[PDB]
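**Q** In PDB author numbering, the protein residues as written are 21 to 47, 50 to 249.
Beta carbons are placed, not taken as given, at the ideal position from N, Cα and C, and that holds for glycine.
Pasting a structure below so you can have a look.
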Ligand code: NA
Ligand SMILES: [Zn+2]
């Protein structure tokens, strides 16, 4: 990882794909992940840190160090660790795509609202490079999606995925706990070729994050059913 300003670090997974960790103070210095996909000096930002400040720092480093202008943006769901810095991106003129469900939640909450909304699946062409978005059911959040990079065999599962060292289900304020393990089933069955699998918070890895996360959630269901 390459550490930079604002408690942010970036780790390269391939020539055109990067994965960043932006530490942020909550109520707890919480770590948040996203991606930086590049093609023809144009970048796609998958999720933003929790705010406009950290986002600007990340977007500038990409321009400065990665020689690429962020032109595209796709959030996992409506939570701040996804669109907290969308306000600044919109000032920069960044085009955005998100599950129609995310657009509506952000809308009814007076939060920044992404422009184009898809309902099933959508593929954005980063000037040639395909960023495939997929809504496979509720999970960590009702509206959560996954972004698959076919050309690089990389999946940014978002916060619906936990890293291998994770042990708790986490914030289920807007989660659909019962459908979470079903969505994880769909994700595993849809992307078995995943080289890398990046979660919402924590260390990336491979497809095992999917099964482990399913194990964590299912144990949660088990733990709150019993008498
Ligand atoms: Na994020
Ligand atoms: Zn979330």
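#1: Using only Cβ atoms and a threshold of 5 Å, which residues come within that distance of a heavy atom of ligand 1? Order them by chain position.
#2: To the nearest angstrom, report how far apart residue 36 and residue 248 are at their CA atoms.
#3: Does residue 34 come out as helix, strand or coil in the three-state DSSP assignment?
#4: Is residue 245 near ligand 2, judged by its Cβ being under 8 Å from some heavy atom?
#5: Confirm, please, whether the CB-CB distance from residue 179 to residue 116 is below 9 Å.
#6: What is the DSSP secondary structure of residue 200, reduced to helix, strand or coil?
#7: Look at residue 209 and residue 238 and say whether their C-beta atoms are less than 9 Å apart.
#8: Would you say the beta carbon of residue 181 comes nearer than 8 Å to a heavy atom of ligand 2?
#9: State the beta-bridge partners of residue 59 as determined by DSSP.
#10: Quick test of the definition: if touching needs 3 or more C-beta pairs under 8 Å, does the segment 91-107 touch the segment 73-82?
#11: Work out the CA separation of residue 172 and residue 89 for me, nearest whole Å.
#12: Could you pull the start and end residues of the beta strand (DSSP E) that residue 82 belongs to?
**A** Taking the structure as given:
#1: 54, 56, 69, 103
#2: 48 Å
#3: coil
#4: no
#5: no
#6: coil
#7: no
#8: yes
#9: 37, 66
#10: yes
#11: 23 Å
#12: Run containing residue 82: none in the beta strand (DSSP E); it sits in the alpha helix (DSSP H), 74-86.
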